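Below is one structure, written out as structure tokens; comments come after it.
Letters A, B, ... are given to chains in the order of the sequence lines, protein chains preceding strands, and every chain is numbered from 1.
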Amino acid sequence: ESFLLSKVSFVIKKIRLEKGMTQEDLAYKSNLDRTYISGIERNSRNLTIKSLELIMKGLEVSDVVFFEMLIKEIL
Amino acid sequence: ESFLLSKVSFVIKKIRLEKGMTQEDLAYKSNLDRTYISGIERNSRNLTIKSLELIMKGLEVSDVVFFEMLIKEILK
DNA sequence: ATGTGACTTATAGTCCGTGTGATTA
DNA sequence: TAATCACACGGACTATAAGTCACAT
């Protein structure tokens, strides 16, 4: 159980949904399997930084904004 | 290899030194091996979020702090 | 559109070391 | 004498992430 990891996964889901995207959409765009993405959102996967960097590209977001957004999800 | 990995491994090493801690010290406070902290600093090495989370605790800074500094060091 | 258990390969991360170039004596 | 210190790097592990799937929702 990690505080940071479940914030990171909540932030990912949020953005994806804000932007009206599906997992299949985020998957194609980060070049990750869409069942991998589902595992990440359900907080059952401790992704690495390389993986996280592809997700960000996949959300069509900068690293700076994603982290800003993450510090905003941390409250 | 990865952009974000070099920045993350840079900021870790910076803060570490700004608190005059050793790699041995950081390893001990983070519950990682000293040889792994060496690798993270030298070769960037693909940490997980959990292990980043532990290195933030061992550095003794808030998650917010770390990320604010991470942002800055990407902005050239 | 998405959750999940199962699986194999790849690599994250551990634990024993040695060597070099600085100290402090 | 040394004698620690701080780090790079090794070799050989072990633990877990990566990456994928059929079948269900």
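- Distance A/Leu32 CG to C/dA10 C1': 15 Å, rounded to the nearest Å.
- As a whole-Å value, the separation of B/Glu41 CD from C/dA12 P is 17 Å.
- Between B/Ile55 atom CD1 and C/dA12 atom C1' the separation is 11 Å, expressed in whole Å.
- Listed pair B/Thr48 / C/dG13 meets the phosphate criterion, a side-chain N or O lying under 4.0 Å from OP1 or OP2.
- A distance of about 14 Å separates the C1' atoms of D/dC23 and C/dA1, rounded to the whole Å.
- Judged by the sign of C1'-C2'-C3'-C4', the sugar at D/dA15 is south, the angle being negative.
- For A/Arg42 and D/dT25, a side-chain-to-base donor-acceptor distance below 3.5 Å is absent, hydrogens and geometry of angles not being considered.
- If you check every strand for non-hydrogen atoms under 4.0 Å, A/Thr35 touches a base.
- With B/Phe10 as the aromatic partner, B/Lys7 meets the cation-pi criteria of under 6.0 angstrom to the ring centre and within 45 degrees of the ring axis.
- Rounded to whole Å, the distance from NZ on A/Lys50 to P on C/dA10 is 15 Å.
- In this structure, C/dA12 forms a base pair with D/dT14, meeting either the Watson-Crick or the G-U wobble geometry with both donor-acceptor distances under 3.5 Å.
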Exercise for review: Under the side chain to side chain contact (heavy atoms under 4.5 Å, CB included) rule, what do B/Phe67 and A/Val64 come out as? Steps first, then yes or no, please.
Suggested key: CA-CA 9 Å; B/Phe67 289 124; A/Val64 163; over 6 Å; no
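- As judged by a 4.0 angstrom heavy-atom cut-off over every strand, B/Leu47 is placed among residues touching the sugar-phosphate backbone only.
- Under the Watson-Crick or G-U wobble criterion, with both distances below 3.5 Å, C/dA1 has no partner in any strand shown.
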Exercise for review: Would you sort out whether A/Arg34 and A/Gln23 count as a side-chain hydrogen bond (donor to acceptor under 3.5 Å, both in side chains), showing the intermediate values?
Suggested key: CA-CA 6 Å; A/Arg34 92 88 206 152; A/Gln23 289 176 344; 2.9 Å; yes
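- Figure legend. D/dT1 is base-paired to no nucleotide; pairs are counted as Watson-Crick or G-U wobble with both atom distances under 3.5 Å.
- In terms of polar N and O atoms assigned as donor or acceptor, the side chain of A/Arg34 never comes within less than 3.5 Å of the base of D/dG19 in a complementary pairing.
- Atom P of C/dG21 sits at a distance of 16 Å from the matching atom of D/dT1, rounded to the whole Å.
- Here C/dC16 counts as north. Its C1'-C2'-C3'-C4' torsion is positive.
- Within a 6.0 Å sphere centred on OH of A/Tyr28, heavy atoms belonging to other residues, nucleotides or ligands number 12 at most.
- Pucker assignment for C/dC15 gives south. The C1'-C2'-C3'-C4' angle has a negative sign.
- Checked options A/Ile55, A/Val61, A/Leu26, A/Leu70; the residue passing with A/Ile15 is A/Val61 (criterion: side-chain contact (heavy atoms from CB on, under 4.5 Å)).
- Close to C/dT2, at under 4.0 Å from its OP1 or OP2, lies no side-chain N or O of A/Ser38.
- A close approach under 4.0 Å does not occur between any side-chain nitrogen or oxygen of A/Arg16 and OP1 or OP2 of C/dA1.
- Within a 6.0 Å sphere centred on NZ of B/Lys57, heavy atoms belonging to other residues, nucleotides or ligands number 12 at most.
- North puckering is assigned to the sugar ring of C/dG17, since its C1'-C2'-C3'-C4' angle is above zero.
- With a cut-off of 3.5 Å on both pairing distances, the Watson-Crick or G-U wobble partner of C/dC7 is D/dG19.
- Both B/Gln23 and B/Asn46 sit near DNA chain D, but only B/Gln23 has its closest nucleotide nearer the 5' end.
- Mapping B/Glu24 and A/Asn31 onto DNA chain D via the closest heavy atom, the residue that lands nearer the 5' end is B/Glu24.
- The distance from atom CZ of A/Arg45 to atom P of C/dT4 is 13 Å, rounded to the nearest whole Å.
- The nearest whole Å value for the distance from the CD1 atom in B/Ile37 to the P atom in C/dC15 is 13 Å.
- Atom CG in A/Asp33 sits roughly 14 Å away from atom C1' in C/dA1 (whole-Å rounding).
- Distance B/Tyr36 OH to D/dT14 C1': 14 Å, rounded to the nearest Å.
- Using modelled atom types and a 3.5 Å distance limit, the side chains of A/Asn43 and A/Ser6 yield no donor-acceptor pair.
- Nucleotides D/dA2 and C/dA22 are separated by 15 Å at their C1' atoms, to the nearest Å.
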